[PDB]
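Trainee: Just so it is clear, I am handing over model.cif, which has mmCIF, N, CA and C atoms; chains and numbers go by the auth columns.
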```cif
data_model
loop_
_atom_site.group_PDB
_atom_site.id
_atom_site.type_symbol
_atom_site.label_atom_id
_atom_site.label_comp_id
_atom_site.label_asym_id
_atom_site.label_seq_id
_atom_site.Cartn_x
_atom_site.Cartn_y
_atom_site.Cartn_z
_atom_site.B_iso_or_equiv
_atom_site.auth_seq_id
_atom_site.auth_asym_id
ATOM 1 N N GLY A 1 -182.497 -42.328 34.412 0.00 1 A
ATOM 2 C CA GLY A 1 -182.876 -41.488 33.290 0.00 1 A
ATOM 3 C C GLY A 1 -182.538 -42.164 31.960 0.00 1 A
ATOM 4 N N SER A 2 -183.537 -42.222 31.091 0.00 2 A
ATOM 5 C CA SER A 2 -183.360 -42.837 29.786 0.00 2 A
ATOM 6 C C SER A 2 -182.002 -42.442 29.201 0.00 2 A
ATOM 7 N N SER A 3 -181.500 -43.299 28.325 0.00 3 A
ATOM 8 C CA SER A 3 -180.217 -43.052 27.688 0.00 3 A
ATOM 9 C C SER A 3 -180.418 -42.262 26.394 0.00 3 A
ATOM 10 N N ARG A 4 -180.608 -40.961 26.556 0.00 4 A
ATOM 11 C CA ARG A 4 -180.813 -40.086 25.414 0.00 4 A
ATOM 12 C C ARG A 4 -179.630 -40.188 24.449 0.00 4 A
ATOM 13 N N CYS A 5 -179.957 -40.235 23.166 0.00 5 A
ATOM 14 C CA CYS A 5 -178.936 -40.333 22.137 0.00 5 A
ATOM 15 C C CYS A 5 -179.629 -40.380 20.774 0.00 5 A
ATOM 16 N N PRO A 6 -180.160 -39.199 20.358 0.00 6 A
ATOM 17 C CA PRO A 6 -180.849 -39.095 19.083 0.00 6 A
ATOM 18 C C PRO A 6 -179.854 -39.097 17.921 0.00 6 A
ATOM 19 N N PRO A 7 -180.416 -39.133 16.683 0.00 7 A
ATOM 20 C CA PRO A 7 -179.592 -39.140 15.486 0.00 7 A
ATOM 21 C C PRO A 7 -179.004 -37.753 15.218 0.00 7 A
ATOM 22 N N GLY A 8 -177.872 -37.749 14.529 0.00 8 A
ATOM 23 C CA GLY A 8 -177.201 -36.502 14.201 0.00 8 A
ATOM 24 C C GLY A 8 -175.887 -36.765 13.462 0.00 8 A
ATOM 25 N N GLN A 9 -176.017 -37.070 12.179 0.00 9 A
ATOM 26 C CA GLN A 9 -174.854 -37.344 11.354 0.00 9 A
ATOM 27 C C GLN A 9 -174.972 -36.621 10.011 0.00 9 A
ATOM 28 N N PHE A 10 -175.816 -35.600 9.998 0.00 10 A
ATOM 29 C CA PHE A 10 -176.029 -34.821 8.790 0.00 10 A
ATOM 30 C C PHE A 10 -174.756 -34.075 8.386 0.00 10 A
ATOM 31 N N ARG A 11 -174.947 -33.023 7.606 0.00 11 A
ATOM 32 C CA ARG A 11 -173.827 -32.220 7.143 0.00 11 A
ATOM 33 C C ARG A 11 -173.871 -30.830 7.783 0.00 11 A
ATOM 34 N N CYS A 12 -174.649 -30.729 8.850 0.00 12 A
ATOM 35 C CA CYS A 12 -174.786 -29.468 9.559 0.00 12 A
ATOM 36 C C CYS A 12 -175.675 -28.543 8.726 0.00 12 A
ATOM 37 N N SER A 13 -176.872 -29.030 8.435 0.00 13 A
ATOM 38 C CA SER A 13 -177.822 -28.260 7.650 0.00 13 A
ATOM 39 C C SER A 13 -179.249 -28.556 8.116 0.00 13 A
ATOM 40 N N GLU A 14 -179.337 -29.254 9.239 0.00 14 A
ATOM 41 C CA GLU A 14 -180.630 -29.607 9.801 0.00 14 A
ATOM 42 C C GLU A 14 -180.449 -30.530 11.008 0.00 14 A
ATOM 43 N N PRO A 15 -180.740 -29.965 12.211 0.00 15 A
ATOM 44 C CA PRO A 15 -180.613 -30.725 13.443 0.00 15 A
ATOM 45 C C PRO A 15 -181.764 -31.722 13.594 0.00 15 A
ATOM 46 N N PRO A 16 -181.407 -33.030 13.502 0.00 16 A
ATOM 47 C CA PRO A 16 -182.396 -34.087 13.625 0.00 16 A
ATOM 48 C C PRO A 16 -182.822 -34.271 15.083 0.00 16 A
ATOM 49 N N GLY A 17 -181.832 -34.259 15.962 0.00 17 A
ATOM 50 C CA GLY A 17 -182.089 -34.423 17.382 0.00 17 A
ATOM 51 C C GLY A 17 -180.919 -33.897 18.217 0.00 17 A
ATOM 52 N N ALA A 18 -181.146 -32.751 18.840 0.00 18 A
ATOM 53 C CA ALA A 18 -180.124 -32.133 19.667 0.00 18 A
ATOM 54 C C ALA A 18 -180.041 -32.873 21.005 0.00 18 A
ATOM 55 N N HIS A 19 -178.826 -33.273 21.348 0.00 19 A
ATOM 56 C CA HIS A 19 -178.598 -33.987 22.593 0.00 19 A
ATOM 57 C C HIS A 19 -177.116 -34.343 22.717 0.00 19 A
ATOM 58 N N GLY A 20 -176.353 -33.391 23.236 0.00 20 A
ATOM 59 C CA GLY A 20 -174.925 -33.590 23.413 0.00 20 A
ATOM 60 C C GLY A 20 -174.640 -34.908 24.135 0.00 20 A
ATOM 61 N N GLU A 21 -175.672 -35.423 24.788 0.00 21 A
ATOM 62 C CA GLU A 21 -175.546 -36.672 25.521 0.00 21 A
ATOM 63 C C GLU A 21 -174.937 -37.753 24.625 0.00 21 A
ATOM 64 N N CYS A 22 -175.172 -37.604 23.329 0.00 22 A
ATOM 65 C CA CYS A 22 -174.655 -38.556 22.360 0.00 22 A
ATOM 66 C C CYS A 22 -173.939 -37.777 21.256 0.00 22 A
ATOM 67 N N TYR A 23 -174.736 -37.213 20.361 0.00 23 A
ATOM 68 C CA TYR A 23 -174.194 -36.441 19.256 0.00 23 A
ATOM 69 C C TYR A 23 -174.032 -34.969 19.641 0.00 23 A
ATOM 70 N N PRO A 24 -173.157 -34.266 18.872 0.00 24 A
ATOM 71 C CA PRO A 24 -172.905 -32.858 19.124 0.00 24 A
ATOM 72 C C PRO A 24 -174.074 -31.996 18.643 0.00 24 A
ATOM 73 N N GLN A 25 -175.125 -32.674 18.205 0.00 25 A
ATOM 74 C CA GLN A 25 -176.308 -31.986 17.717 0.00 25 A
ATOM 75 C C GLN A 25 -176.649 -30.804 18.627 0.00 25 A
ATOM 76 N N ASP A 26 -176.229 -30.922 19.878 0.00 26 A
ATOM 77 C CA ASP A 26 -176.482 -29.875 20.853 0.00 26 A
ATOM 78 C C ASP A 26 -176.123 -28.519 20.245 0.00 26 A
ATOM 79 N N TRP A 27 -174.971 -28.485 19.592 0.00 27 A
ATOM 80 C CA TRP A 27 -174.502 -27.262 18.962 0.00 27 A
ATOM 81 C C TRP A 27 -175.697 -26.593 18.281 0.00 27 A
ATOM 82 N N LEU A 28 -176.429 -27.394 17.521 0.00 28 A
ATOM 83 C CA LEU A 28 -177.596 -26.894 16.813 0.00 28 A
ATOM 84 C C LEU A 28 -178.582 -26.299 17.821 0.00 28 A
ATOM 85 N N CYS A 29 -179.348 -25.327 17.348 0.00 29 A
ATOM 86 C CA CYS A 29 -180.331 -24.671 18.193 0.00 29 A
ATOM 87 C C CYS A 29 -179.723 -24.490 19.585 0.00 29 A
ATOM 88 N N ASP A 30 -178.909 -23.453 19.710 0.00 30 A
ATOM 89 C CA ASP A 30 -178.259 -23.159 20.976 0.00 30 A
ATOM 90 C C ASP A 30 -178.302 -21.650 21.228 0.00 30 A
ATOM 91 N N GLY A 31 -177.854 -20.903 20.231 0.00 31 A
ATOM 92 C CA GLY A 31 -177.836 -19.453 20.331 0.00 31 A
ATOM 93 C C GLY A 31 -177.245 -18.824 19.068 0.00 31 A
ATOM 94 N N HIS A 32 -176.128 -19.386 18.632 0.00 32 A
ATOM 95 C CA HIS A 32 -175.456 -18.892 17.442 0.00 32 A
ATOM 96 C C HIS A 32 -175.299 -20.029 16.432 0.00 32 A
ATOM 97 N N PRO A 33 -175.459 -19.668 15.130 0.00 33 A
ATOM 98 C CA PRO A 33 -175.338 -20.646 14.062 0.00 33 A
ATOM 99 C C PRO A 33 -173.873 -21.010 13.815 0.00 33 A
ATOM 100 N N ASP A 34 -173.659 -22.272 13.474 0.00 34 A
ATOM 101 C CA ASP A 34 -172.316 -22.758 13.210 0.00 34 A
ATOM 102 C C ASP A 34 -172.371 -23.824 12.113 0.00 34 A
ATOM 103 N N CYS A 35 -173.237 -23.582 11.141 0.00 35 A
ATOM 104 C CA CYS A 35 -173.397 -24.508 10.032 0.00 35 A
ATOM 105 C C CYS A 35 -173.020 -23.781 8.740 0.00 35 A
ATOM 106 N N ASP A 36 -173.264 -24.456 7.626 0.00 36 A
ATOM 107 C CA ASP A 36 -172.956 -23.888 6.325 0.00 36 A
ATOM 108 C C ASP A 36 -173.295 -22.396 6.331 0.00 36 A
ATOM 109 N N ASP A 37 -174.578 -22.114 6.509 0.00 37 A
ATOM 110 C CA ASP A 37 -175.045 -20.738 6.537 0.00 37 A
ATOM 111 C C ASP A 37 -175.430 -20.365 7.971 0.00 37 A
ATOM 112 N N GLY A 38 -176.227 -21.230 8.580 0.00 38 A
ATOM 113 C CA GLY A 38 -176.674 -21.003 9.944 0.00 38 A
ATOM 114 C C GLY A 38 -178.179 -21.244 10.075 0.00 38 A
ATOM 115 N N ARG A 39 -178.562 -22.501 9.907 0.00 39 A
ATOM 116 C CA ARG A 39 -179.963 -22.876 10.003 0.00 39 A
ATOM 117 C C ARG A 39 -180.162 -23.899 11.123 0.00 39 A
ATOM 118 N N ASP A 40 -179.046 -24.333 11.691 0.00 40 A
ATOM 119 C CA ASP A 40 -179.084 -25.307 12.769 0.00 40 A
ATOM 120 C C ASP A 40 -179.751 -24.679 13.994 0.00 40 A
ATOM 121 N N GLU A 41 -179.858 -23.358 13.959 0.00 41 A
ATOM 122 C CA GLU A 41 -180.471 -22.628 15.056 0.00 41 A
ATOM 123 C C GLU A 41 -181.431 -21.568 14.515 0.00 41 A
ATOM 124 N N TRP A 42 -181.815 -21.747 13.260 0.00 42 A
ATOM 125 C CA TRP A 42 -182.728 -20.817 12.616 0.00 42 A
ATOM 126 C C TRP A 42 -183.944 -20.640 13.527 0.00 42 A
ATOM 127 N N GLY A 43 -184.813 -21.640 13.499 0.00 43 A
ATOM 128 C CA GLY A 43 -186.016 -21.608 14.313 0.00 43 A
ATOM 129 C C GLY A 43 -185.696 -21.917 15.777 0.00 43 A
ATOM 130 N N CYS A 44 -184.752 -21.160 16.315 0.00 44 A
ATOM 131 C CA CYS A 44 -184.343 -21.341 17.698 0.00 44 A
ATOM 132 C C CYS A 44 -183.938 -19.977 18.262 0.00 44 A
ATOM 133 N N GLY A 45 -183.117 -19.276 17.494 0.00 45 A
ATOM 134 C CA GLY A 45 -182.649 -17.963 17.903 0.00 45 A
ATOM 135 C C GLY A 45 -183.816 -17.077 18.344 0.00 45 A
ATOM 136 N N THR A 46 -184.595 -16.648 17.362 0.00 46 A
ATOM 137 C CA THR A 46 -185.742 -15.798 17.633 0.00 46 A
ATOM 138 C C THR A 46 -186.589 -16.390 18.762 0.00 46 A
ATOM 139 N N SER A 47 -186.899 -15.544 19.733 0.00 47 A
ATOM 140 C CA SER A 47 -187.699 -15.968 20.869 0.00 47 A
ATOM 141 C C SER A 47 -189.145 -16.212 20.429 0.00 47 A
#
```
Please rewrite the model in this file as C-alpha coordinates.
Mentor:
Amino acid sequence: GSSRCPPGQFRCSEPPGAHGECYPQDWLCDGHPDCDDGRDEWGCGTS
(Lines of atoms letter the chains of each structure in order from A and count residues from 1; the text may use other names and numbers.)
(Lines give C-alpha, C1' and ligand atoms only; values in the text may rest on other atoms or scores of the structure.)
Protein backbone atom coordinates (compact mmCIF):
# COMPACT_ATOMS: atom_id res chain seq x y z
CA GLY A 1 0.00 0.00 0.00
CA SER A 2 1.31 3.39 -1.06
CA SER A 3 3.02 5.39 1.67
CA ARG A 4 0.29 7.91 2.36
CA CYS A 5 1.59 11.11 3.91
CA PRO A 6 -0.08 14.30 2.66
CA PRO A 7 0.80 17.85 3.73
CA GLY A 8 -0.45 19.29 7.00
CA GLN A 9 1.55 22.00 8.73
CA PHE A 10 -1.01 24.79 8.71
CA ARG A 11 -2.27 26.60 11.78
CA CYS A 12 -5.37 24.44 12.12
CA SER A 13 -7.58 26.52 9.86
CA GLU A 14 -7.75 24.33 6.78
CA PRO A 15 -7.04 20.61 6.36
CA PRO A 16 -4.79 20.19 3.32
CA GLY A 17 -4.67 16.41 3.51
CA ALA A 18 -6.10 14.28 6.29
CA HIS A 19 -4.03 11.18 6.92
CA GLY A 20 -2.89 10.30 10.42
CA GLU A 21 -0.56 7.96 8.58
CA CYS A 22 1.79 10.93 8.54
CA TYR A 23 0.34 14.19 9.82
CA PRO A 24 -2.33 14.59 12.51
CA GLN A 25 -4.44 16.14 9.78
CA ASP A 26 -6.68 13.20 10.56
CA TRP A 27 -8.04 15.25 13.44
CA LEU A 28 -9.50 17.50 10.77
CA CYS A 29 -12.78 16.37 9.26
CA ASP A 30 -13.50 13.68 11.81
CA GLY A 31 -16.61 14.62 13.76
CA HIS A 32 -15.85 17.48 16.12
CA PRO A 33 -13.93 20.70 15.43
CA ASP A 34 -10.67 21.30 17.26
CA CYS A 35 -9.28 24.35 15.49
CA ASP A 36 -9.34 28.08 16.11
CA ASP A 37 -13.08 28.18 15.56
CA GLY A 38 -13.83 24.81 14.02
CA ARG A 39 -13.54 24.67 10.25
CA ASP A 40 -11.22 21.69 10.04
CA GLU A 41 -14.42 19.67 9.96
CA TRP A 42 -16.80 22.31 8.66
CA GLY A 43 -17.63 20.63 5.37
CA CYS A 44 -17.45 17.24 7.04
CA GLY A 45 -19.79 17.27 10.01
CA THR A 46 -23.03 17.80 8.13
CA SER A 47 -23.99 14.61 6.33
Trainee: Would you please work out which residue, of A:21, A:9, A:47, A:14, is nearest to residue A:33 when using only C-alpha atoms?
Mentor: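 Between A:21, A:9, A:47, A:14, the residue approaching residue A:33 most closely is A:14.
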Trainee: Report, in Å with one decimal, the straight-line distance from atom C of residue A:16 to atom N of residue A:1.
Mentor: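 Going from atom C of residue A:16 over to atom N of residue A:1, I get 20.9 Å.
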Trainee: Quote the spacing between atom N of residue A:30 and atom CA of residue A:44 in Å to one decimal place.
Mentor: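 Atom N of residue A:30 sits 6.2 Å away from atom CA of residue A:44.
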Trainee: Write out as a PyMOL selection string which residues come within 12 Å of residue A:31 when counting only C-alpha atoms, dropping same-chain ones fewer than 6 positions away.
Mentor: chain A and resi 38-47
Trainee: If you count only N, CA and C atoms, which residues fall within 7 Å of residue A:19, apart from same-chain ones fewer than 6 positions away, as a PyMOL selection string?
Mentor: chain A and resi 4-6+25-27
